[PDB]
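Residues per chain, in single letters:
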Amino acid sequence: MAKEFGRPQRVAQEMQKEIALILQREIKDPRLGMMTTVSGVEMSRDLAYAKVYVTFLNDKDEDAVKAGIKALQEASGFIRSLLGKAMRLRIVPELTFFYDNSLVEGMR
């Protein structure tokens, strides 16, 4: 989020910031009394598939990590649909939501 160019990086940024926001706003950040991060972003419009990364500190509690993630899982199609609509687009690529917490690395 800081690449104002004509390359595929610029758009990737604007989108990363837009998704990062809706990913930190539309998401349950305040509900998890924790701040999430986006140490990964992938947008493939060549067909209709994307892959976004989100790291949380839910690891702190396996209960909040399991349940929490469960909430992020159910709100999956919600974030994806909320995005497409939020950005009124069409590509509506399979932008999956990868949750990389500290419960799968311990350093997230």
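What should I look at first to understand the overall build of the protein in this one?
Counting secondary structure elements, the protein contains three helices and three strands. Ordered by position in the sequence, the α and β elements of the protein form the string α-β-β-α-α-β. For a compact globule of 108 residues, the expected C-alpha radius of gyration is about 13 Å, and the protein comes in at 14 Å, within 12% of that figure. Expressed along its principal axes, the backbone C-alpha trace of the protein runs to roughly 40 × 25 × 20 Å. Expressed as a percentage of its 108 residues, the buried residues of the protein come to 33%.

What is the right way to read the environment of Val92 from this model?
Within the secondary structure layout, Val92 lies in the loop between α3 (76–86) and β3 (94–99). Residue classification places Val92 among the partly exposed residues on the basis of a relative accessible area of 48%. Taking the C-alpha atoms as reference, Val92 lies 7.9 Å from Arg80; in sequence the two are twelve residues apart.

Hey, could you run me through the packing of helix α2 (residues 62–74) against α3 in this one?
Two quantities define a packed helix pair, namely the angle between the axes and the distance from one axis to the other. α3 packs onto α2 with a crossing angle of 45 degrees between their chain directions and a minimal axis gap of 3 Å. Put simply, α2 runs oblique to α3. Listed contacts from α3 to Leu72, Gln73 and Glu74 of α2 are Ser76, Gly77 and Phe78. Classifying every residue of the contact of α2 with α3 by side-chain character gives two nonpolar, three polar and one charged.

Explain the pattern of salt bridges here, please?
Pairing is possible between side chains of opposite charge, provided their charged atoms come close. Overall, the coordinates contain three salt bridges when judged by the stated rule. With a shortest N-O distance of 3.2 Å, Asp100 and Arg108 are connected by a salt bridge. Overall, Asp100 belongs to the buried group, its relative accessible area being 12%. Given the relative accessible area of 39%, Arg108 is considered partly exposed. Here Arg108 ties to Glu105 by a salt bridge, and the two come within 2.5 Å at their closest N and O atoms.

Even after reading the chapter, I still don't get α2, so can you show me in this structure?
Since one α-helical turn is 3.6 residues long, residues separated by three or four positions face the same way. Taking 1.5 Å of rise per residue, the 13 residues of α2 would be expected to cover 18 Å, and the 18 Å separating its terminal C-alpha atoms lies within 8% of that figure. Structurally, α2 contributes buried residues whose contacts are with α3 and β3.

Teacher, can you tell me more about the pairing of strand β2 (residues 49–54) here?
Consecutive side chains along a regular strand alternate between the two faces of the sheet. Residues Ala50, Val52 and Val54 of β2 are buried on one face, while the alternating residues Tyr49, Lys51 and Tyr53, pointing to the opposite face, are not. As defined by bridge partners, strand β1 (residues 41–44) adjoins β2 across four bridges and the pair is classed as antiparallel. Across the sheet, residue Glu42 finds its bridge partner in β2, namely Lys51. Between β1 and β2, which pair antiparallel and follow one another directly, the connecting turn spans four residues, one of which, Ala48, has a positive phi of 160 degrees.

Thresholds applied
Residues numbered from 1 in each chain as written, not as in the entry; some residues may be left out. Heavy atoms only, no water. Helix = DSSP H or I, 4+ residues; strand = E, 2+ residues; numbered from the N terminus. Rg over C-alpha atoms; globule rule 2.2 N^0.38 Å. Buried < 20%, exposed > 50% of the residue type's maximum accessible area, 1.4 Å probe, protein only. Axes fitted to C-alpha atoms, helices over the stretch in contact; angles between N-to-C directions. Parallel < 35°, antiparallel > 145°, perpendicular 65-115°, else oblique. Contact = heavy atoms within 4.5 Å. Nonpolar A, V, L, I, M, F, W, Y, C, P; charged D, E, K, R; others polar. Salt bridge = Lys/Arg side-chain N within 4 Å of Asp/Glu carboxyl O. Expected span 1.5 Å × (residues − 1). Pairing = 2+ DSSP bridges.

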